[PDB]
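Reading through the structure tokens given below for one structure.
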Amino acid sequence: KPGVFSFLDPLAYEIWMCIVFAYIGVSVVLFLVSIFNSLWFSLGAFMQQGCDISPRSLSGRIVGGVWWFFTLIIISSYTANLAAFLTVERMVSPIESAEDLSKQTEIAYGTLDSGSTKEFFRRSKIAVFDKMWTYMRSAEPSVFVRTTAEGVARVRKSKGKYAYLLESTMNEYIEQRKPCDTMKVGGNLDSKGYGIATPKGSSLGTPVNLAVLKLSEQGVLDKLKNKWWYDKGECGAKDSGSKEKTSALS
Amino acid sequence: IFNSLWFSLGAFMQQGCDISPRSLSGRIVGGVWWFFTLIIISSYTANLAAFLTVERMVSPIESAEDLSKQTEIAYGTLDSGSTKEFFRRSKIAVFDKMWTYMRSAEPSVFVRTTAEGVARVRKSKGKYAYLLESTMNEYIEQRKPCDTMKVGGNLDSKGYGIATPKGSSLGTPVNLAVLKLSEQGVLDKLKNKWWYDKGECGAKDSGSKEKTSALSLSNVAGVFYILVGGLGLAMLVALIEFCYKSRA
Amino acid sequence: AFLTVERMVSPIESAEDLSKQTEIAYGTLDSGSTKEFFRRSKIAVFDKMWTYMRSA
Amino acid sequence: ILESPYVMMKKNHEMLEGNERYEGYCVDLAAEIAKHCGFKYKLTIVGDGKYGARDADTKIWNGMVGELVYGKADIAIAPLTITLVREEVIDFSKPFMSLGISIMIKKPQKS
Ligand SMILES: O=c1[nH]c2cc(C(F)(F)F)c(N3CCOCC3)cc2n(CP(=O)(O)O)c1=O
């Protein structure tokens with residue numbers, strides 16, 4: 001984003017307020033050494049280095065000297081800071097806690113139009129999630145989407161205008177997928193766990209259970225999760241992260 | 001003893017010197033001075049640019065892999081317990097590297113007690129990270145002085161579960177109760193309760209530390225003070241000069 | 001920014017550098033003792049590399 | 001086990017007796033279980049304070065684990081990690097709180 005507001009980025013707006021006030025403060029003083037021509041001549045100071053219409057120093061040129069050191073430090077700091085923007089170019093996340101989505105209104109957020117999740121919010125008694133539910137029900141056009149693929153569509157079209165909840169492992173699995181535009185943020189809203197299911201009274205049950213815990217402690221599950229996800233990943237996270245060092249200028 | 005001193009004050013204020021009718025003498029000094037201040041201000045700006053740049057390069061850890069990539073910050077677990085045994089049994093390259101590291105690093109990262117580890121973290125001023133069970137970490141993070149925090153996702157899966165002697169009739173119905181309390185989410189209500197409602201700091205307090213921003217007023221404001229002070233000197237000198245306008 | 005980004009870049013001097021990147025593709029002959037050396041490899045770096053070539 | 005926040009003494013615990021003396025997350029959870037399965041119950045603390053482990057020698061479980069295997073305890077409600085070795089000696093319920101290894105660090109306050 002440009003739009004002039006981008007230009008003031010290196011130095012904070014409050015500091016601009018303070019430099020304006022400090023400037024006019026410099027202006028009014030000049031008349032005493034001699035105030036409409038004081039603001040004019042101060043404009044003749046900012047316009048070029050600083051000050052002139054005094055007998056050498058007297059008690060006037062000193063003001064412009066300090067003023068010169070001052071503006072010099074300002075522009076210096078400005079250049080340093082702007083270069084600092086031109087170096088790392090880190091990209092801040094708009095949000096952190098899921099609660100922030102509730103707190104704001106700028107970005108729509110929703111879920112799949114039907115499924116256990118929607119009920120989970122509809123049945124949630126927590127005030128935050130309740131607010132989320134009244135929100136999602138209230139807003140139109142509906143945040144709800146018929147398919148997970150539809151959610152992918154609204155997200156890729158969102159350009160940051162919209163966010164979409166879904167199952168965590170599925171979310172990360174999309175994160176591996178191209179164009180790797182997607183990314184998950186925040187922790188899980190609630191604990192859940194896929195598990196092996198057996199017919200009731202099946203003899204296999206207990207051995208299956210012991211097998212599950214045994215494989216789990218061997219880290220085999222985590223190993224395979226490393227496999228089918230990240231190893232199969234279309235866009236390596238630190239791989240794509242290592243590669244981003246362009247330049248030029250708008 | 002003052003007039004051309006005042007002129008030099010008219011030199012630093014702007015580029016450097018003038019009035020001299022073609023070279024004459026010290027106007028060349030004016031040129032050398034121009035070159036001089038030019039160099040210094042250049043070097044200065046470059047230096048500050050180095051500070052902000054190096055400052056921005058630094059990133060907070062969000063995975064143990066970051067610890068594997070560094071060494072400036074010591075890290076470890078309790079001297080005994082399942083936790084260390086996890087890394088010891090671990091076959092993942094990252095965790096293996098970490099375990100080999102802790103086994104090799106001296107003085108040993110291991111500590112006798114979790115509390116002692118907390119002290120080793122708090123007193124190291126960020127130079128010593130520690131590792132422990134997630135729920136425990138969250139429970140400590142809300143504790144005073146609220147000076148420490150958990151970061152990143154959990155490294156591995158585990159789950160507390162109700163225990164009964166095998167073959168007890170209570171087993172299945174209890175497990176059903178577990179599933180019911182999970183689906184109802186009341187357990188989470190309890191979680192926000194004891195971990196936060198009882199908590200020594202608010203849940204939203206963590207967001208109070210801002211993010212990136214861009215140059216606080218502070219640093220330059222330090223120059224604002226010397227600026228206004230210079231103005232005050234200018235005023236004092238002004239009025240005493242009027243006093244000499246009266247005396248002389 | 002130009003000079004800084006310029007100096008940040010470094011020439012490769014270990015395969016590990018390749019393992020840590022992706023922008024420059026790398027590989028071996030389609031068959032031979034070398035490829036066997038990678039698939040049989042147990043060193044984490046080489047294993048990562050062979051894993052990379054395996055799917056890239 | 002006596003562990004905060006899961007288990008805490010009343011500050012005036014002497015004034016109370018029985019289950020009232022204890023308080024915490026696990027306590028209220030126990031009340032929940034009391035609702036769903038309808039039972040009187042008494043809270044009891046393990047002596048050694050150990051979560052319980054089978055020494056390879058005597059092959060005797062200690063702690064709450066022993067308290068279950070040896071019939072000393074009717075049911076266990078505590079931050080008790082599930083393990084395969086404990087899986088075969090007693091019957092766990094399904095997990096009620098996913099958790100794991102985690103990174104504790106100093107909070108990065110600005111100066
Ligand atoms: O079933 C088990 N549940 C456990 C639960 C916890 C806690 F987090 F406090 F709830 C802890 N602690 C970690 C923090 O310091 C205090 C003790 C140890 C446990 N252990 C022994 P481990 O072999 O060291 O894991 C088990 O066996």
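Every chain in the structure tokens takes a letter, A first, then B, and so on in the order presented; its residues are numbered from 1, and the ligands are numbered from 1 following the presented order.
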
Would you mind writing down, as a PyMOL selection string, each residue of chain D that DSSP on the backbone assigns to strand (DSSP E or B)?
chain D and resi 8-9+22-23+54+61+76+81+91-92+97-99+101-106

Let me see if you get this right: every residue at most 8 Å from ligand 1, counting only C-alpha atoms and all ligand atoms, written as a PyMOL selection string.
(chain B and resi 80-83+113-114+132-133+135-136+160) or (chain D and resi 3+50-53+78-83)

Which of these residues is nearest to residue 26 of chain C, using only C-alpha atoms: C:43, C:53, C:12, C:5?
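Result for the nearest residue to residue 26 of chain C: C:53.
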
If I take atom CA of residue 57 of chain B and atom CA of residue 215 of chain B, how far is one from the other in Å, to one decimal?
15.7 Å

Once you count only C-alpha atoms, which residues of chain A turn out to be within 9 Å of chain D? Could you give them as number ranges by chain?
A: 191-193, 210, 213-214, 217

One-decimal distance in Å that lies between atom CA of residue 163 of chain B and atom CA of residue 54 of chain D:
16.3 Å

Return the single residue from C:13, C:36, C:30, C:6 that is closest to chain A, with distances computed using only C-alpha atoms.
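Of C:13, C:36, C:30, C:6, the one nearest chain A is C:6, counting only C-alpha atoms.
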
If we count only C-alpha atoms, which residues of chain B reach to within 8 Å of chain A? Please list them as a CSV table (one decimal) with N, CA, C and O atoms, in the first residue's frame.
chain,number,residue,atom,x,y,z
B,3,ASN,N,33.4,37.6,17.5
B,3,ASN,CA,32.7,38.0,16.2
B,3,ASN,C,32.9,36.9,15.1
B,3,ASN,O,31.9,36.5,14.5
B,4,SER,N,34.1,36.5,14.9
B,4,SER,CA,34.3,35.5,13.9
B,4,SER,C,34.1,34.1,14.5
B,4,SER,O,34.0,33.1,13.8
B,6,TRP,N,31.4,33.8,16.2
B,6,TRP,CA,30.0,33.9,15.8
B,6,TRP,C,29.8,33.6,14.4
B,6,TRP,O,28.8,33.1,14.0
B,7,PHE,N,30.8,34.0,13.6
B,7,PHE,CA,30.8,33.6,12.1
B,7,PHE,C,31.0,32.1,11.9
B,7,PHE,O,30.4,31.6,10.9
B,9,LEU,N,30.0,30.0,14.0
B,9,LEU,CA,28.7,29.6,14.4
B,9,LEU,C,27.7,29.8,13.2
B,9,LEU,O,26.7,29.1,13.1
B,10,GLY,N,28.1,30.8,12.3
B,10,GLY,CA,27.3,31.0,11.1
B,10,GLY,C,27.8,30.0,10.0
B,10,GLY,O,27.3,30.0,8.9
B,12,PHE,N,28.9,26.4,10.8
B,12,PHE,CA,28.3,25.0,11.1
B,12,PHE,C,26.8,25.0,10.9
B,12,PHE,O,26.3,24.0,10.5
B,13,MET,N,26.2,26.2,11.1
B,13,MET,CA,24.8,26.3,10.9
B,13,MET,C,24.4,26.1,9.5
B,13,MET,O,23.2,25.6,9.2
B,14,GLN,N,25.3,26.3,8.6
B,14,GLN,CA,25.0,26.2,7.2
B,14,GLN,C,26.2,25.9,6.3
B,14,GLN,O,27.1,26.7,6.1
B,15,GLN,N,26.3,24.6,5.9
B,15,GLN,CA,27.3,24.2,5.0
B,15,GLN,C,28.7,24.4,5.6
B,15,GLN,O,29.3,23.5,6.2
B,41,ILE,N,28.5,13.2,9.3
B,41,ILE,CA,27.1,12.9,9.3
B,41,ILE,C,26.8,11.7,8.5
B,41,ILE,O,25.8,11.0,8.8
B,44,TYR,N,27.5,8.7,10.6
B,44,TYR,CA,26.5,8.7,11.6
B,44,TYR,C,25.3,8.0,11.1
B,44,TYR,O,24.7,7.0,11.8
B,45,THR,N,24.8,8.5,10.0
B,45,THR,CA,23.5,8.0,9.5
B,45,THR,C,23.7,6.5,9.2
B,45,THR,O,22.8,5.7,9.4
B,46,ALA,N,24.8,6.2,8.6
B,46,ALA,CA,25.1,4.8,8.3
B,46,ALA,C,25.0,3.9,9.5
B,46,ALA,O,24.5,2.8,9.5
B,48,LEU,N,23.4,4.5,12.4
B,48,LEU,CA,22.1,4.3,13.0
B,48,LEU,C,21.3,3.3,12.1
B,48,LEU,O,20.5,2.5,12.6
B,49,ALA,N,21.6,3.4,10.8
B,49,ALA,CA,21.0,2.5,9.9
B,49,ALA,C,21.4,1.0,10.2
B,49,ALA,O,20.6,0.1,10.1
B,50,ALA,N,22.6,0.9,10.7
B,50,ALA,CA,23.1,-0.4,11.1
B,50,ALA,C,22.3,-0.9,12.3
B,50,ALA,O,21.9,-2.0,12.4
B,52,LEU,N,19.2,0.0,13.3
B,52,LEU,CA,17.8,-0.5,13.0
B,52,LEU,C,17.8,-1.7,12.2
B,52,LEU,O,16.9,-2.6,12.4
B,53,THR,N,18.8,-1.9,11.3
B,53,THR,CA,18.8,-3.1,10.5
B,53,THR,C,19.1,-4.3,11.3
B,53,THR,O,18.3,-5.3,11.2
B,56,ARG,N,16.2,-5.2,13.4
B,56,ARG,CA,15.1,-5.9,12.6
B,56,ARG,C,15.4,-7.3,12.2
B,56,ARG,O,14.5,-8.1,12.1
B,57,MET,N,16.7,-7.6,12.0
B,57,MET,CA,17.0,-9.0,11.6
B,57,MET,C,16.6,-10.0,12.7
B,57,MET,O,16.3,-11.2,12.3
B,89,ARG,N,14.7,-41.0,23.3
B,89,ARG,CA,14.1,-42.0,22.5
B,89,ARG,C,13.8,-41.5,21.1
B,89,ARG,O,13.6,-42.2,20.1
B,90,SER,N,13.8,-40.2,21.0
B,90,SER,CA,13.4,-39.5,19.7
B,90,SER,C,14.3,-39.9,18.5
B,90,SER,O,15.5,-40.0,18.7
B,91,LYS,N,13.7,-40.1,17.4
B,91,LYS,CA,14.4,-40.3,16.2
B,91,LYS,C,14.3,-39.2,15.2
B,91,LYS,O,14.9,-39.2,14.1
B,92,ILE,N,13.4,-38.2,15.5
B,92,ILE,CA,13.4,-37.0,14.6
B,92,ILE,C,14.7,-36.3,14.7
B,92,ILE,O,15.2,-36.1,15.8
B,153,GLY,N,3.7,-24.0,19.0
B,153,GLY,CA,2.8,-25.1,19.2
B,153,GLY,C,3.4,-26.2,20.1
B,153,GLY,O,4.6,-26.2,20.3
B,156,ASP,N,4.5,-32.4,20.9
B,156,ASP,CA,4.1,-33.8,20.8
B,156,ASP,C,2.7,-34.0,21.5
B,156,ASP,O,2.3,-33.1,22.3
B,184,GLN,N,-20.2,-30.9,25.6
B,184,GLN,CA,-20.8,-29.8,26.2
B,184,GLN,C,-19.9,-28.6,26.3
B,184,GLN,O,-20.3,-27.5,26.3
B,185,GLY,N,-18.6,-28.9,26.4
B,185,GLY,CA,-17.6,-27.9,26.4
B,185,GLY,C,-17.4,-27.2,27.8
B,185,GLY,O,-16.7,-26.3,27.9
B,188,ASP,N,-14.0,-26.8,29.1
B,188,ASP,CA,-13.3,-25.5,28.6
B,188,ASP,C,-13.7,-24.4,29.5
B,188,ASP,O,-12.9,-23.5,29.7
B,189,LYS,N,-15.0,-24.4,30.0
B,189,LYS,CA,-15.4,-23.3,30.8
B,189,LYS,C,-14.6,-23.4,32.1
B,189,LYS,O,-14.2,-22.3,32.7
B,211,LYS,N,3.1,-4.7,18.5
B,211,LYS,CA,3.8,-5.5,17.5
B,211,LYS,C,5.1,-4.8,16.9
B,211,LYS,O,6.1,-4.8,17.6
B,212,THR,N,5.0,-4.3,15.7
B,212,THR,CA,6.1,-3.7,15.0
B,212,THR,C,6.3,-2.2,15.2
B,212,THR,O,7.3,-1.7,15.6
B,214,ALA,N,6.7,1.7,14.1
B,214,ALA,CA,7.8,2.3,13.3
B,214,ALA,C,8.3,3.6,14.0
B,214,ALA,O,7.7,4.7,13.9
B,215,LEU,N,9.4,3.5,14.8
B,215,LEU,CA,10.1,4.6,15.4
B,215,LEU,C,9.2,5.3,16.4
B,215,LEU,O,8.3,6.1,16.1
B,216,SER,N,9.5,5.0,17.7
B,216,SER,CA,8.8,5.7,18.8
B,216,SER,C,9.4,7.1,18.9
B,216,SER,O,10.5,7.4,18.5
B,217,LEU,N,8.6,8.0,19.5
B,217,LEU,CA,9.0,9.4,19.7
B,217,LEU,C,10.3,9.5,20.6
B,217,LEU,O,11.1,10.4,20.3
B,220,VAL,N,14.2,10.4,19.3
B,220,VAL,CA,14.3,11.8,18.8
B,220,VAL,C,13.9,12.8,19.8
B,220,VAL,O,14.4,13.9,19.8
B,223,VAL,N,16.5,14.4,21.5
B,223,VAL,CA,17.0,15.6,20.8
B,223,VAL,C,16.0,16.8,21.0
B,223,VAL,O,16.4,17.9,20.9
B,227,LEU,N,17.0,20.5,22.1
B,227,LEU,CA,16.5,21.6,21.2
B,227,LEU,C,15.9,22.7,22.0
B,227,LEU,O,16.3,23.9,21.9
B,230,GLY,N,18.3,24.4,24.1
B,230,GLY,CA,19.1,25.4,23.3
B,230,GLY,C,18.3,26.6,23.1
B,230,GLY,O,18.9,27.7,23.1
B,231,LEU,N,17.0,26.5,22.9
B,231,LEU,CA,16.2,27.7,22.8
B,231,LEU,C,16.2,28.5,24.1
B,231,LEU,O,16.2,29.7,24.0
B,234,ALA,N,19.2,30.4,24.2
B,234,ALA,CA,19.1,31.5,23.3
B,234,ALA,C,18.3,32.6,23.9
B,234,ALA,O,18.6,33.8,23.7
B,235,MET,N,17.3,32.3,24.7
B,235,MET,CA,16.5,33.3,25.4
B,235,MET,C,17.2,34.0,26.5
B,235,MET,O,17.2,35.2,26.6
B,237,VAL,N,20.5,34.3,26.8
B,237,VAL,CA,21.5,35.2,26.1
B,237,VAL,C,20.8,36.4,25.5
B,237,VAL,O,21.4,37.5,25.6
B,238,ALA,N,19.6,36.2,25.0
B,238,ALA,CA,18.9,37.3,24.4
B,238,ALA,C,18.7,38.4,25.4
B,238,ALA,O,19.1,39.6,25.3

Should the cut-off be 12 Å, what would the residue list for chain C against chain B look like, counting only C-alpha atoms, as JSON, numbers by chain?
{"C": [1, 4, 5, 8, 20, 42, 43, 44, 45, 46, 47, 48]}

Tell me, in Å to one decimal, how far atom CA of residue 55 of chain B is from atom CA of residue 126 of chain B.
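Atom-to-atom, atom CA of residue 55 of chain B to atom CA of residue 126 of chain B, that is 16.0 Å.
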
Give me, as a PDB file with C-alpha atoms, in the first residue's frame, the contact residues of chain D against chain B at a cut-off of 10 Å, counting only C-alpha atoms.
ATOM      1  CA  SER D   4      -2.274 -26.702  41.684  1.00  0.00           C
ATOM      2  CA  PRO D   5      -4.401 -25.669  40.025  1.00  0.00           C
ATOM      3  CA  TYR D   6      -5.827 -29.145  39.686  1.00  0.00           C
ATOM      4  CA  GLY D  24      -9.574 -27.160  42.256  1.00  0.00           C
ATOM      5  CA  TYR D  25     -10.204 -28.100  38.645  1.00  0.00           C
ATOM      6  CA  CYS D  26     -10.047 -31.829  39.272  1.00  0.00           C
ATOM      7  CA  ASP D  28     -15.087 -29.795  40.301  1.00  0.00           C
ATOM      8  CA  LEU D  29     -14.512 -32.379  37.628  1.00  0.00           C
ATOM      9  CA  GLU D  32     -19.218 -33.607  37.503  1.00  0.00           C
ATOM     10  CA  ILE D  33     -18.491 -37.295  37.564  1.00  0.00           C
ATOM     11  CA  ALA D  34     -20.551 -37.446  40.727  1.00  0.00           C
ATOM     12  CA  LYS D  35     -23.418 -35.992  38.764  1.00  0.00           C
ATOM     13  CA  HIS D  36     -23.152 -38.283  35.754  1.00  0.00           C
ATOM     14  CA  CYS D  37     -22.653 -41.543  37.627  1.00  0.00           C
ATOM     15  CA  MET D  64      -1.700 -43.913  42.444  1.00  0.00           C
ATOM     16  CA  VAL D  65      -0.921 -46.625  39.936  1.00  0.00           C
ATOM     17  CA  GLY D  66      -0.298 -49.031  42.762  1.00  0.00           C
ATOM     18  CA  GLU D  67      -3.343 -47.651  44.529  1.00  0.00           C
ATOM     19  CA  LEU D  68      -5.437 -48.776  41.586  1.00  0.00           C
ATOM     20  CA  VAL D  69      -3.742 -52.091  40.922  1.00  0.00           C
ATOM     21  CA  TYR D  70      -3.754 -53.031  44.578  1.00  0.00           C
ATOM     22  CA  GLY D  71      -7.347 -51.984  45.090  1.00  0.00           C
ATOM     23  CA  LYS D  72      -6.389 -49.197  47.459  1.00  0.00           C
ATOM     24  CA  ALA D  73      -8.185 -46.690  45.253  1.00  0.00           C
ATOM     25  CA  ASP D  74     -11.595 -46.887  43.600  1.00  0.00           C
ATOM     26  CA  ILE D  75     -10.888 -44.393  40.832  1.00  0.00           C
ATOM     27  CA  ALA D  76      -8.159 -41.958  39.814  1.00  0.00           C
ATOM     28  CA  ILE D  77      -8.797 -38.375  38.758  1.00  0.00           C
ATOM     29  CA  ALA D  78      -5.569 -36.448  38.324  1.00  0.00           C
ATOM     30  CA  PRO D  79      -3.232 -34.997  35.713  1.00  0.00           C
ATOM     31  CA  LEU D  80      -2.215 -38.575  34.976  1.00  0.00           C
ATOM     32  CA  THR D  81      -0.339 -39.017  31.722  1.00  0.00           C
ATOM     33  CA  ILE D  82      -1.452 -41.998  29.668  1.00  0.00           C
ATOM     34  CA  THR D  83       1.348 -44.444  28.871  1.00  0.00           C
ATOM     35  CA  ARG D  86       0.304 -48.055  32.408  1.00  0.00           C
ATOM     36  CA  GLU D  87      -2.182 -48.989  29.736  1.00  0.00           C
ATOM     37  CA  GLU D  88      -1.902 -52.701  30.397  1.00  0.00           C
ATOM     38  CA  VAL D  89      -2.120 -52.489  34.174  1.00  0.00           C
ATOM     39  CA  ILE D  90      -5.217 -50.286  34.432  1.00  0.00           C
ATOM     40  CA  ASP D  91      -7.988 -49.021  32.181  1.00  0.00           C
ATOM     41  CA  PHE D  92      -7.835 -45.355  31.162  1.00  0.00           C
ATOM     42  CA  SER D  93     -10.779 -43.301  30.010  1.00  0.00           C
ATOM     43  CA  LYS D  94     -10.537 -41.331  26.774  1.00  0.00           C
ATOM     44  CA  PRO D  95      -8.299 -38.255  27.114  1.00  0.00           C
ATOM     45  CA  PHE D  96      -9.991 -35.101  28.350  1.00  0.00           C
ATOM     46  CA  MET D  97      -7.159 -32.655  27.741  1.00  0.00           C
ATOM     47  CA  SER D  98      -4.703 -32.716  24.846  1.00  0.00           C
ATOM     48  CA  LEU D  99      -1.294 -31.410  25.850  1.00  0.00           C
ATOM     49  CA  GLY D 100       2.415 -31.653  25.136  1.00  0.00           C
ATOM     50  CA  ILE D 101       5.988 -30.452  25.391  1.00  0.00           C
ATOM     51  CA  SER D 102       6.187 -26.668  25.284  1.00  0.00           C
ATOM     52  CA  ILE D 103       8.601 -23.757  25.221  1.00  0.00           C
ATOM     53  CA  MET D 104       8.799 -21.414  28.198  1.00  0.00           C
ATOM     54  CA  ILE D 105      10.824 -18.210  27.754  1.00  0.00           C
ATOM     55  CA  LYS D 106      11.189 -14.738  29.206  1.00  0.00           C
ATOM     56  CA  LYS D 107       8.573 -12.272  28.010  1.00  0.00           C
ATOM     57  CA  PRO D 108      10.272  -9.723  25.687  1.00  0.00           C
ATOM     58  CA  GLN D 109       9.424  -6.449  27.458  1.00  0.00           C
ATOM     59  CA  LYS D 110      10.692  -3.287  25.780  1.00  0.00           C
TER      60      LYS D 110
END

Contact residues (chain C, partner chain A, 7 Å, only C-alpha atoms) as a VMD selection string:
chain C and resid 1 21 to 23

For the selection you just gave me, I'd like the residues written to a file as a PDB file, in the first residue's frame, keeping C-alpha atoms.
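Result went into out-v6.pdb, see below:
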ATOM      1  CA  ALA C   1      19.111  -1.781   0.213  1.00  0.00           C
ATOM      2  CA  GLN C  21      17.328 -23.677   0.322  1.00  0.00           C
ATOM      3  CA  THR C  22      15.143 -24.558  -2.635  1.00  0.00           C
ATOM      4  CA  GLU C  23      15.601 -21.726  -5.113  1.00  0.00           C
TER       5      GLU C  23
END

Alpha helix (DSSP H) per DSSP on the backbone: members of segment 7-87 of chain D, as a short mmCIF file (atom, residue, chain, number, x, y, z; two decimals) with N, CA and C atoms, in the first residue's frame:
data_model
loop_
_atom_site.label_atom_id
_atom_site.label_comp_id
_atom_site.auth_asym_id
_atom_site.auth_seq_id
_atom_site.Cartn_x
_atom_site.Cartn_y
_atom_site.Cartn_z
N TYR D 25 -9.65 -27.67 39.92
CA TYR D 25 -10.20 -28.10 38.64
C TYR D 25 -10.65 -29.55 38.70
N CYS D 26 -9.75 -30.41 39.17
CA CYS D 26 -10.05 -31.83 39.27
C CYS D 26 -11.16 -32.09 40.26
N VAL D 27 -11.27 -31.23 41.26
CA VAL D 27 -12.30 -31.39 42.27
C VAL D 27 -13.67 -31.20 41.66
N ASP D 28 -13.82 -30.10 40.93
CA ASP D 28 -15.09 -29.79 40.30
C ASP D 28 -15.39 -30.84 39.26
N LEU D 29 -14.34 -31.33 38.61
CA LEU D 29 -14.51 -32.38 37.63
C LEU D 29 -15.06 -33.62 38.31
N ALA D 30 -14.57 -33.87 39.52
CA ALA D 30 -15.03 -35.00 40.29
C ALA D 30 -16.49 -34.82 40.65
N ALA D 31 -16.89 -33.58 40.89
CA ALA D 31 -18.28 -33.30 41.15
C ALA D 31 -19.11 -33.60 39.92
N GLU D 32 -18.53 -33.34 38.75
CA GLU D 32 -19.22 -33.61 37.50
C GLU D 32 -19.45 -35.09 37.35
N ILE D 33 -18.41 -35.85 37.66
CA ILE D 33 -18.49 -37.30 37.56
C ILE D 33 -19.53 -37.79 38.55
N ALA D 34 -19.60 -37.11 39.69
CA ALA D 34 -20.55 -37.45 40.73
C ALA D 34 -21.96 -37.23 40.21
N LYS D 35 -22.11 -36.24 39.35
CA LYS D 35 -23.42 -35.99 38.76
C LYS D 35 -23.77 -37.08 37.76
N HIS D 36 -22.86 -37.34 36.83
CA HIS D 36 -23.15 -38.28 35.75
C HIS D 36 -23.28 -39.74 36.17
N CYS D 37 -22.59 -40.15 37.22
CA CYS D 37 -22.65 -41.54 37.63
C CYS D 37 -23.28 -41.72 39.00
N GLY D 63 2.65 -45.43 43.99
CA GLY D 63 1.84 -44.27 43.72
C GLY D 63 0.39 -44.61 43.46
N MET D 64 -0.30 -43.71 42.76
CA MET D 64 -1.70 -43.91 42.44
C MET D 64 -1.87 -45.16 41.60
N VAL D 65 -0.86 -45.46 40.79
CA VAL D 65 -0.92 -46.62 39.94
C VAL D 65 -1.05 -47.87 40.79
N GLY D 66 -0.25 -47.92 41.84
CA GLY D 66 -0.30 -49.03 42.76
C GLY D 66 -1.62 -49.01 43.49
N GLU D 67 -2.09 -47.80 43.80
CA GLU D 67 -3.34 -47.65 44.53
C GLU D 67 -4.52 -48.20 43.74
N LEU D 68 -4.41 -48.18 42.42
CA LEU D 68 -5.44 -48.78 41.59
C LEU D 68 -5.24 -50.27 41.44
N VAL D 69 -4.01 -50.68 41.15
CA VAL D 69 -3.74 -52.09 40.92
C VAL D 69 -3.97 -52.90 42.19
N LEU D 84 1.72 -46.47 27.60
CA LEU D 84 1.47 -47.84 27.21
C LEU D 84 1.75 -48.80 28.35
N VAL D 85 2.78 -48.51 29.13
CA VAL D 85 3.12 -49.37 30.25
C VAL D 85 2.04 -49.33 31.32
N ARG D 86 1.41 -48.18 31.47
CA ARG D 86 0.30 -48.05 32.41
C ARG D 86 -0.99 -48.51 31.76
N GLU D 87 -0.98 -48.59 30.44
CA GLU D 87 -2.18 -48.99 29.74
C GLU D 87 -2.59 -50.42 30.03
#

Contacts of segment 156-170 of chain A within 8 Å, only C-alpha atoms, excl. fewer than 2 positions in-chain, as a PyMOL selection string:
chain A and resi 106-112+151-154+172-174+181-182+188

Generate a file of the selected residues that holds C-alpha atoms, formatted as a short mmCIF file (atom, residue, chain, number, x, y, z; two decimals), in the first residue's frame.
data_model
loop_
_atom_site.label_atom_id
_atom_site.label_comp_id
_atom_site.auth_asym_id
_atom_site.auth_seq_id
_atom_site.Cartn_x
_atom_site.Cartn_y
_atom_site.Cartn_z
CA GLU A 106 -13.29 -5.17 9.19
CA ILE A 107 -12.83 -8.77 8.11
CA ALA A 108 -15.64 -11.26 7.64
CA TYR A 109 -15.15 -14.75 9.01
CA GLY A 110 -17.22 -17.91 8.84
CA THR A 111 -17.37 -21.67 8.46
CA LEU A 112 -18.81 -24.46 6.35
CA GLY A 151 -14.06 -21.81 1.50
CA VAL A 152 -10.81 -22.12 -0.38
CA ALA A 153 -12.35 -20.00 -3.10
CA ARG A 154 -13.62 -17.25 -0.84
CA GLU A 172 -2.11 -27.12 7.57
CA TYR A 173 -2.53 -29.65 4.81
CA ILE A 174 -3.86 -26.82 2.68
CA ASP A 181 -1.00 -18.42 -0.20
CA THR A 182 -2.83 -20.01 2.71
CA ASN A 188 -7.00 -24.80 18.33
#

Got a sec: who's within 10 Å of residue 121 of chain A, counting only C-alpha atoms, leaving out chain neighbours fewer than 3 positions off, as a ChimeraX atom specification?
/A:111,116-118,124-126,128-134,136

Please produce a file of the residues just selected, as a PDB file, in the first residue's frame, where the atoms kept are C-alpha atoms.
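again_37.pdb, written as the output of this step:
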ATOM      1  CA  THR A 111     -17.369 -21.669   8.458  1.00  0.00           C
ATOM      2  CA  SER A 116     -20.657 -30.392  13.518  1.00  0.00           C
ATOM      3  CA  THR A 117     -18.573 -27.227  13.738  1.00  0.00           C
ATOM      4  CA  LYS A 118     -21.474 -24.906  13.075  1.00  0.00           C
ATOM      5  CA  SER A 124     -21.179 -22.959  22.616  1.00  0.00           C
ATOM      6  CA  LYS A 125     -21.933 -21.242  25.912  1.00  0.00           C
ATOM      7  CA  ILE A 126     -18.741 -19.196  26.029  1.00  0.00           C
ATOM      8  CA  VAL A 128     -16.803 -15.039  22.933  1.00  0.00           C
ATOM      9  CA  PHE A 129     -17.962 -17.880  20.747  1.00  0.00           C
ATOM     10  CA  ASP A 130     -21.542 -16.822  21.385  1.00  0.00           C
ATOM     11  CA  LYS A 131     -20.721 -13.398  20.033  1.00  0.00           C
ATOM     12  CA  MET A 132     -19.105 -15.157  17.115  1.00  0.00           C
ATOM     13  CA  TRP A 133     -22.294 -17.097  16.499  1.00  0.00           C
ATOM     14  CA  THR A 134     -24.675 -14.171  16.690  1.00  0.00           C
ATOM     15  CA  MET A 136     -22.094 -15.197  11.821  1.00  0.00           C
TER      16      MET A 136
END
